[PDB]
Structures are given as C-alpha cells and as structure tokens.
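Everything below concerns the one structure shown next.
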Amino acid sequence: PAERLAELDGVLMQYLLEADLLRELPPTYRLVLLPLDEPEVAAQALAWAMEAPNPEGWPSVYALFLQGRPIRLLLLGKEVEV
Amino acid sequence: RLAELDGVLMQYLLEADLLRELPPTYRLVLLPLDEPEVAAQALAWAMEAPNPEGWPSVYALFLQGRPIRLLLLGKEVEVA
C-alpha cells in the first residue's frame with residue numbers, strides 16, 4: 001500500500017550513495033518519489049507534494065521510478081500548479 | 001494517447017493562461033501518473049536523443065486524463 005515510498009526511498013539512497021549521485025543533489029531539498037508504473041503509489045506521492053509544496057530553501061527533487069528502481073532525477077527550476 | 005492528452009494540455013496552457021510560464025522552446029514530457037502503459041512509453045521517448053541541453057524539458061504530470069502539475073526543468077540526471 002502507499003507507504004511503499006519508504007522502501008523506494010531506500011533504493012534511491014543506495015544509488016545516491018553507492019553510485020555517486022549525491023553530488024548533483026541540493027544541500028537542502030524535498031524528495032518527491034514518483035513510481036511511473038505504480039499509479040496507486042505515485043498519486044499519493046504527488047498529493048503530499050501538493051498539499052505541502054515548499055519550493056525554495058527546500059526545492060523539489062523528482063525521482064522517476066520504474067520497476068522499483070530510480071531511472072531519472074529532475075532537479076527543480078520551477079513548479080507550476082495547473 | 002499522448003496525442004489526445006497533449007490536446008488537453010493545450011486547452012489548459014491556452015484557455016487557462018499557462019503559456020506564460022513555459023519557455024519559448026522546449027520538449028514536453030507528458031506523464032500520466034495513473035496510466036502506466038502510457039507514462040512508461042512517454043519516458044522512453046524522453047530517454048531518447050537530445051544533447052546535454054538543446055531544448056529544455058517540461059513535464060506535464062497527468063491524472064484522470066487532465067494535467068495536475070507542470071515541472072519546469074532546471075536539470076536532469078540519469079540513473080542506470
């Protein structure tokens with residue numbers, strides 16, 4: 001059940017660490033984990049990013065996931081509510 | 001489906017004054033967070049060729065067939 005992001009966040013740090021990715025991440029940021037192939041989970045994650053924006057100071061970092069692993073990271077420039 | 005969803009985004013950008021915040025030149029990545037079959041192909045397409053820069057990406061996060069949020073790219077990072 002959506003709670004899973006805890007696990008996926010784990011898989012994310014293994015990459016950030018044992019894959020030298022931390023370098024491109026901001027000192028302070030808010031991580032939005034979006035499992036592109038797990039709708040029930042990805043939708044929950046965006047909900048919390050919405051009913052809790054928090055832009056600069058703690059800019060957003062999107063981690064796009066596929067089959068339980070990170071595939072790409074989007075480093076926030078700006079966000080736009082549609 | 002992206003073609004159709006692309007149309008839905010256009011109404012929004014236009015008939016809802018969003019064009020304002022999009023850059024003059026860019027490549028739109030349309031991501032239906034609730035349609036795995038479609039979101040995955042959209043990502044594959046974006047994983048294709050561009051060159052370290054060129055045309056900035058704009059991600060259109062979709063839900064129930066309509067855009068819910070736009071991410072204006074600063075930088076991208078590939079993991080693999």
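Chain labels A, B, ... are given in the sequence in which chains occur in the structure tokens; within each chain residues are numbered consecutively from 1, and ligands are likewise numbered from 1 in the order shown.
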Name all residues at most 9 Å from residue 12 (chain A) (count only C-alpha atoms; drop same-chain ones fewer than 6 positions away) and give them as a PyMOL selection string.
chain A and resi 33+63+69-70
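The part of chain A that reaches within 8 Å of chain B is made up of residues 15, 24, 34, 36, 37, 38, 39, 40, 42, 43, 70, 71, 72, 73, 74, 75, 76, 77, 78, 79, 80, 81 and 82 of chain A, counting only C-alpha atoms.
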Identify, with DSSP run on backbone atoms, the residues in chain A assigned to helix (DSSP H, G or I), and express the list as a VMD selection string.
chain A and resid 5 to 17 22 to 24 39 to 50
